[PDB]
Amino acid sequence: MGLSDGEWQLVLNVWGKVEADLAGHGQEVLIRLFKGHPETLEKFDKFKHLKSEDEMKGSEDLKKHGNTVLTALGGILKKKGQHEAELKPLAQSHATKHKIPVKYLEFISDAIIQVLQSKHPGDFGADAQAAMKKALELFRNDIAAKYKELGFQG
């Protein structure tokens, strides 16, 4: 249940393209998630209302959360699987006061794939797509183990 060195290299090679504009990519990832799975909006404080006023795009809340989610994820991916230090607190924040089911982590993983396919088709071929899916699977499987310890079924 790990990635090979070459799988990690594929992941970090395409992540280079995301690092050029973390905030723009992160906002896009969340929009993708909310369009494909609008039920995920219920987990935030401000996006349902912004959406109700046709104001999600360019909002301060989308900017803040877009930066947060991909800044954090990039730090985790660069650990290449040795990420317990990051995932213990991250699981706690997504399993306690805010309860984020694993299916929603699955959905944002799919959203990341779709955004990268759309924005960087020439840098996101078959092997890179498979490796990124596998990294994101590892990412939520290790979160899910911590969910179990935390008493959250996911």
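Numbering starts at 1 and runs along the sequence shown.
Trainee: Out of 1-9 and 144-152, which one has CA B-factors that are higher on average in the deposited record?
Mentor: If you average the C-alpha B-factors of 1-9 and of 144-152, the larger mean comes out for 1-9.
Trainee: Comparing 84-92 with 36-44, which has the greater mean CA B-factor as deposited?
Mentor: Comparing 84-92 with 36-44, the higher mean C-alpha B-factor belongs to 84-92.
Trainee: Can you tell me which of 52, 129, 27, 118 has the highest Cα temperature factor in the record?
Mentor: Of 52, 129, 27, 118, 52 has the highest C-alpha B-factor.
Trainee: Ranking the modelled residues of this chain by C-alpha B-factor as given in the entry, is residue 102 in the lowest, middle or highest third?
Mentor: For residue 102, whose C-alpha B-factor we compare with every modelled residue in the chain, the answer is the middle third.
Trainee: Divide the modelled residues of the chain into thirds by Cα B-factor and specify which third, lowest, middle or highest, holds residue 135.
Mentor: As the PDB entry reports it, the C-alpha B-factor of residue 135 lands in the lowest third of its chain.
Trainee: Select lowest, middle or highest to describe the third in which the CA B-factor of residue 111 falls within its chain in this entry.
Mentor: Ranked within chain, residue 111 CA B lands in the lowest tercile.
Trainee: Once the chain's modelled residues are ordered by C-alpha B factor and cut into thirds, is residue 56 in the lowest, middle or highest one?
Mentor: Top third by C-alpha B-factor.
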